[PDB]
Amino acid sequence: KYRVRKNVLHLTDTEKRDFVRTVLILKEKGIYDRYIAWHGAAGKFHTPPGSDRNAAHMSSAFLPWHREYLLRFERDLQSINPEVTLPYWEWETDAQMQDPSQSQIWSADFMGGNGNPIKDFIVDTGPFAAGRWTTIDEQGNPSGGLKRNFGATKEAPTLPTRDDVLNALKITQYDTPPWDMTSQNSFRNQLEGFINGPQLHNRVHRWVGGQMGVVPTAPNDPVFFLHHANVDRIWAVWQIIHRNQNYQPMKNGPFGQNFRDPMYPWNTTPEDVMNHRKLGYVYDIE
């Protein structure tokens, strides 16, 4: 309960500056890249092989995997500066803006802006602009330049709304067989964004575009973490509301998806991260 994760819009200029600086150091040290690889590798780890479930997405472990992922990143941040915490991008309130690109998360001081059409949508403003920040591809080879392309897709022209989130919070079951894309009456699947998708989480990924639009390259953009903090916040609120309702499958699902299964690439199980406050943090709104 001690460490607090705040809304990006509640951050002081100094907090924003320290968050960015710390990410740059993690990047320079070689630590950041381990995060990009972990997520891509988990992306190709199928449970079981032959199915479209993977260790980190399209399945029940989606939520505890990204929560373990964010936890480990935050400790890495804290090992550089013990006061830094992971903030969250509350995209549903940015959804209300006539032009979400004008949200303060996109200023030079922070995430930097949308891609520049003149430069094939390479990001050329902020701390992560090309020349300042290097990217890798799916093979783990250098790839020269962060790209973004807000709302350029007919499948994801807008950010999700507060109503979408509210609507997800009403669902009663964590998850339902067969624990995948096609799971219905499923909070997990609704949040991930496959029900009549792309919605919510999935929708944000494709709204941003650039490297964020595809699983293997998505954490090349530091906003990935800010997005996933918000997702983890939503799940936490859902856990607060539906206090009785627990994780499913508790057993008999695909290995890696059950309550006490190792989540590749780690030994951590969903049980280990089921209650976030036990992990040392709460979100400000708590």
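Note that residue numbering follows the sequence shown and begins at 1.
As the entry records it, the average C-alpha temperature factor is higher for 131 to 139, out of 131 to 139 and 86 to 94.
Higher mean CA temperature factor, per the PDB entry, when comparing 63 to 71 with 244 to 252: 244 to 252. Considering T12, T268, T22, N275 together, the PDB entry gives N275 the largest C-alpha B factor. The entry assigns its greatest Cα B factor, within the set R206, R148, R188, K119, to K119. In the deposited entry, the Cα temperature factor of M58 sits in the top third of values across the chain's modelled residues. When the CA B factors of the chain's modelled residues are split into thirds, the value for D180 lands in the middle one. Per-chain ranking of the deposited C-alpha B factor places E192 in the lowest third. Residue-level temperature factors show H46 in the lowest third of its chain, judged at the C-alpha atom.
Sort the chain's modelled residues by C-alpha temperature factor and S101 lands in the highest third, per the entry.
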